[PDB]
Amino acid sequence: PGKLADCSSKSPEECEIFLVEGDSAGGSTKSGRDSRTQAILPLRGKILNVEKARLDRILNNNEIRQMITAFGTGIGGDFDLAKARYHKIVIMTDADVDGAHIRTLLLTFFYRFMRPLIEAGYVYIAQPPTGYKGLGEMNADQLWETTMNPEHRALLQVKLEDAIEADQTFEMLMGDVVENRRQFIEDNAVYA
């Protein structure tokens, strides 16, 4: 990808790719990172919900393509863990509720198209500090120290426990049937 700012090392075991929302966040991320082991792929805001889209639309989507190209594993039946270019794929959305949404959209894609990647423990969630509308609000050094620096950062490693439950969760939250999603919200929402 043109947008992908790759790292220098060509050894997947030690390389990491950070997915960020766009160029506002990408700029701080590029400046603060350790370019030997840390790649950056800026997205472009809300990504396609693959649970609601048909294959043709998915495979034509630019952000989806760039992620598949960057990962190098292929997708679906053709997925090959051995061809992974990074052993850490780190979701680093902005620290707002919309960042959370984008994270659900990214996890839906990984689950439906690259599930072995999750099983292998290769998918992580960054934990940037709260109070900044976007990473582009942070200085590069502050983003490095709090979020990207392996010495101080706290990553969450994404774990799949029960695949049947996960199937139902993706389907309910992300699928085309509104009613079940509505029922979920009513059953779980804790309001004012």
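So that there is no doubt, residue numbering starts at 1 and follows the sequence shown. Basically, rigid core = biggest C-alpha set you can superpose within 1.5 Å across the two forms.
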{"property": "Between 90 to 98 and 112 to 120, larger RMS Cα displacement in 9 other deposited structures of this protein after core fit", "result": "90 to 98"}
{"property": "Which of 174 to 182 and 12 to 20 has higher mean CA B factor, as the PDB entry lists it", "result": "12 to 20"}
{"property": "Segment of higher mean CA temperature factor, 96 to 104 or 82 to 90", "result": "82 to 90"}
{"property": "Residue of maximum C-alpha B factor among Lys52, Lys46, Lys30, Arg57, per deposited coordinates", "result": "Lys30"}
{"property": "B-factor third for the C-alpha atom of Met114 within its chain", "result": "lowest"}
{"property": "Assigned third (lowest, middle, highest) for the C-alpha B factor of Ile125", "result": "lowest"}
{"property": "Cα B factor band for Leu135 (lowest, middle or highest third within the chain)", "result": "highest"}
{"property": "Third of the chain, ranked by Cα B-factor, where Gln142 sits", "result": "middle"}
{"property": "Third of the chain's Cα B-factor distribution that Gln66 belongs to, per the entry", "result": "lowest"}
